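# Understanding the architecture of this molecule
Chain by chain, the residues run as shown.
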Amino acid sequence: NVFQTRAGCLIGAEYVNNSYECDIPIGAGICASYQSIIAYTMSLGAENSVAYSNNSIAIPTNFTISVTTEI
Amino acid sequence: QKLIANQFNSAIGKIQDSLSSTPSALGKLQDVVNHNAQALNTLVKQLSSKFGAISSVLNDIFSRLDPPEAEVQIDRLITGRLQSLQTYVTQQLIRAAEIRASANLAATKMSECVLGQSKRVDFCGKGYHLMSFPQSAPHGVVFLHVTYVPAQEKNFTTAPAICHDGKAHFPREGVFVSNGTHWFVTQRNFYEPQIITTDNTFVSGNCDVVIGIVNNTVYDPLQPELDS
Amino acid sequence: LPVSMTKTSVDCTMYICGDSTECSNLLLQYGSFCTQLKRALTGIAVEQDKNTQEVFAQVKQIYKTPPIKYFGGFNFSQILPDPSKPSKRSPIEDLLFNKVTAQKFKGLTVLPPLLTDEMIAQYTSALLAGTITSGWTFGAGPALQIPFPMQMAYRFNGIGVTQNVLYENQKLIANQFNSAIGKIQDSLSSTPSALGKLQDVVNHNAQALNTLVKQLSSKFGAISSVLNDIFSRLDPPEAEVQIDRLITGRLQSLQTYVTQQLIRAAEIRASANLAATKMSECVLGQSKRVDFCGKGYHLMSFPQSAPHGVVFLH
Ligand SMILES: *[C@@H]1O[C@H](CO)[C@@H](O[C@@H]2O[C@H](CO)[C@@H](O)[C@H](O)[C@H]2NC(C)=O)[C@H](O)[C@H]1NC(C)=O
Ligand SMILES: *[C@@H]1O[C@H](CO)[C@@H](O[C@@H]2O[C@H](CO)[C@@H](O)[C@H](O)[C@H]2NC(C)=O)[C@H](O)[C@H]1NC(C)=O
Ligand SMILES: *[C@@H]1O[C@H](CO)[C@@H](O[C@@H]2O[C@H](CO)[C@@H](O)[C@H](O)[C@H]2NC(C)=O)[C@H](O)[C@H]1NC(C)=O
Ligand SMILES: *[C@@H]1O[C@H](CO)[C@@H](O[C@@H]2O[C@H](CO)[C@@H](O)[C@H](O)[C@H]2NC(C)=O)[C@H](O)[C@H]1NC(C)=O
Ligand SMILES: *[C@@H]1O[C@H](CO)[C@@H](O)[C@H](O)[C@H]1NC(C)=O
């Protein structure tokens, strides 16, 4: 239950090979979350590959009216 | 129109629900009050510090000692409390500067996104901006941005220009697409295929300079009229 | 454009006192300054990470470039990531890192940033792939692929020039763009003052810290600058007066440092807001504002990471 990070030494949490969104920022790309208490490397986002080619295009066929809030 | 109105009503209902349900949405306004209250409380707490003297009570120092060293003790107390007040004033000045910058940004947003339509990306909401509405809030303003978002995309095969009778045709306002057999010209942000004619296309040079040009015919509207 | 400054931290009693212990006992009666300093420095440290997140984390998808890097004669090898190097960085990014550059822990420390350099590089690569393979549509909804010459035709139509101008002169424009990229690389390599701002930020922080650690060696009007010598020399009734003067002087210096740090953090936050606006408007779309995204009629732009900052290629 002892982990060594660039920030320092962590006691009480176990490292997990999985990745999730950062909840409690620890540092050097390491975050902590509760589910026992686990520590992991935060995930940047969902990976996506676009189908680019020399002569192909994509055109929308529908729309959505969205409302957002800004404080 | 009817579908747009229904979507707008559903969106505003969802906004009301989200505001009613999420407690952390209004953290920005809460933080100003929280910072000010804690700063003022810390200023109050500073009053009960000895600042290196024997006692933290002024009149106690007056009564329990003669003027000679009581003067030194009071000098120390006054210097400490004046320094604390100066620190608080500096903190208030910095916070006021930051708040003024935020207020200028809010004024610009009100003048641009509300009183008109802005073409700046992401300045007035995520997506293509349509309009916005202002609302008041304790020491703040809340903007509701109504915006347009494309969806349900479809793949197509495209060509830059059309070679016809040794002439190169380019779209005037749209783009050339094809489902696999026939070719159409459609607007950029919405699928609306149309028969390619000489009114929505313009001619420039021959078809031996552009790369990727394809072969197809271009219908002429005046040809049937002259035929009869 | 600089984005974030170095996250710093201080230990109150270690600096204000020395290795002695009853010095801390005297310190306990001077007030609760340590809470103020810890709170302010924690606020600055979290503001740095907030600035970085605002500047870079603008897309929720990590796009990837197609394996075949052919875009109708356009050459993007100079900005795209290089798999050969272990760090997975563009040559321009490597040059930027190489062009930008003791350990006396007397209470002073340096908290590492939350986002490592690799994650920032990955964000930049995702942004480059999105703006290359899908134009600007990825910044306002789902990503829609478009051939690159067609996208350049749309941009020329946006700047008020017909599409045939591009479509008749594709090779010449591609050659000009490649030559311009090469000249940019050479100019960045051969100019010492090109990267002045980030180096100035680093120098400011380091010099302020060194000045703080140097001010500890002043007597401040006391008989000696060594607290343990004073305690081992005088009767505590007047050693108290001596050490009171010393503690007040050191506290005043530390307060001055905190104020300077706050002002610099505010300025850096303003610069980070400007950089975020530039990234939002010049990269994810085309802007008609004059001189905002380069001199002349703006066509496009590309982001690159740098130590505590960003570099835009317009
Ligand atoms: C465009 O999308 C909208 C919704 O995003 C579609 O409207 C829905 O259509 C389905 C099927 O007819 C209905 O069951 C829903 O009730 C509709 N939604 C609403 C809010 O009325 C619309 O049909 C789509 N347009 C096209 C041409 O596919
Ligand atoms: C591509 O679009 C064209 C134009 O709509 C299609 O041709 C017509 O399709 C309609 C709908 O099935 C038919 O009623 C017409 O008789 C077709 N006209 C001709 C001249 O064939 C064409 O089928 C579409 N191609 C594909 C693969 O969907
Ligand atoms: C489009 O049509 C033109 C003319 O119908 C084609 O040009 C001819 O191509 C053949 C085959 O290579 C040559 O033998 C002729 O000399 C060409 N004539 C002219 C006037 O250029 C052209 O190849 C067609 N393009 C496609 C893609 O089918
Ligand atoms: C794109 O540009 C790069 C350099 O800007 C080209 O890479 C050069 O390739 C030649 C021949 O293969 C080498 O002699 C050079 O040393 C390379 N330069 C560098 C910096 O490595 C590349 O060939 C160009 N074309 C493509 C398709 O990538
Ligand atoms: C078609 O795409 C391939 C790679 O996807 C490319 O090598 C080729 O040049 C393209 N065709 C044309 C005419 O550009």
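Residues numbered from 1 in each chain as written, not as in the entry; some residues may be left out. Chains lettered and ligands numbered in written order. Part of a larger assembly, values for the part shown. Heavy atoms only, no water.

Per the PDB record, this model was obtained through cryo-EM at a reported resolution of 3.5 Å.

As a further point, take the nonpolar core. Within soluble globular proteins, side chains that are nonpolar generally end up buried alongside one another. By size, the foremost hydrophobic cluster in this structure holds 32 residues, and its most contacted members are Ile 57 of chain A together with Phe 71, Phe 74, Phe 76, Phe 148 and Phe 302 of chain C. The element contributing the most residues to this core is helix α6 (residues 148-158) of chain C, with six residues. Setting aside its immediate chain neighbours within four residues, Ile 57 of chain A contacts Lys 154, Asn 155, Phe 156, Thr 158, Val 175 and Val 177 of chain B together with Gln 145, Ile 146 and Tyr 154 of chain C. Ranked by size, the runner-up nonpolar core spans 29 residues in total, among them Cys 31 and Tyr 40 of chain A together with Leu 115 and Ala 129 of chain C. (Core = buried A, V, L, I, M, F, W, Y, C linked by side-chain atoms within 4.5 Å. Buried < 20%, exposed > 50% of the residue type's maximum accessible area, 1.4 Å probe, protein only. Helix = DSSP H or I, 4+ residues; strand = E, 2+ residues; numbered from the N terminus. Contact = heavy atoms within 4.5 Å.)

Turning next to a nonpolar patch on the surface. All names here are of chain B. Judged by side-chain polarity, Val 32, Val 33 and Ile 99 come together as a nonpolar surface patch covering roughly 220 Å² of accessible area. Looking at where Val 32 falls in the secondary structure, it is placed in helix α2 (residues 27-46). With relative accessibility at 41%, the residue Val 32 sits in the partly exposed group. (Patch = residues over 30% accessible without salt bridge, like charges linked within 9 Å, V, L, I, M, F, W, Y side chains within 5 Å. Areas by Shrake-Rupley, 256 points an atom, 1.4 Å probe, with all protein chains shown as cover. Salt bridge = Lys/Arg side-chain N within 4 Å of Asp/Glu carboxyl O.)

Right, let's talk about the packing of aromatic side chains for a bit. Following the criterion strictly, the structure yields 18 aromatic pairs over all chains and no others. Here the aromatic cluster, defined as three or more aromatic residues joined through ring pairs, consists of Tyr 52 of chain A together with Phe 71, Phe 74, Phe 76, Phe 148, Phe 177 and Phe 302 of chain C. The ring of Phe 123 of chain B is capped by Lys 109 of chain B, whose NZ or CZ atom sits 4.8 Å from the centre of that ring. Above the face of the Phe 156 of chain B ring, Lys 154 of chain B is positioned so that its terminal group lies 5.7 Å from the ring centre. (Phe/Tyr/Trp six-rings, centres within 6.5 Å; stacked < 30°, edge-to-face > 60°. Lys NZ or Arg CZ within 6 Å of the ring centre and 35° of its normal.)

A few words now on the pairing of strand β6 (residues 183-186) of chain B. Residue and element names in this part refer to chain B. Side chains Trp 183 and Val 185 of β6 all project onto a buried face; the interleaved residues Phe 184 and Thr 186 project onto the opposite face, where all are buried too. One ladder, built from four bridges, connects strand β5 (residues 175-178) with β6; its direction is antiparallel. Paired with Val 177 across the bridge in β6 is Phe 184. Between β5 and β6, which pair antiparallel in sequence order, lie four residues; one of them, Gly 180, sits at a positive phi of approximately 135°. (Pairing = 2+ DSSP bridges.)

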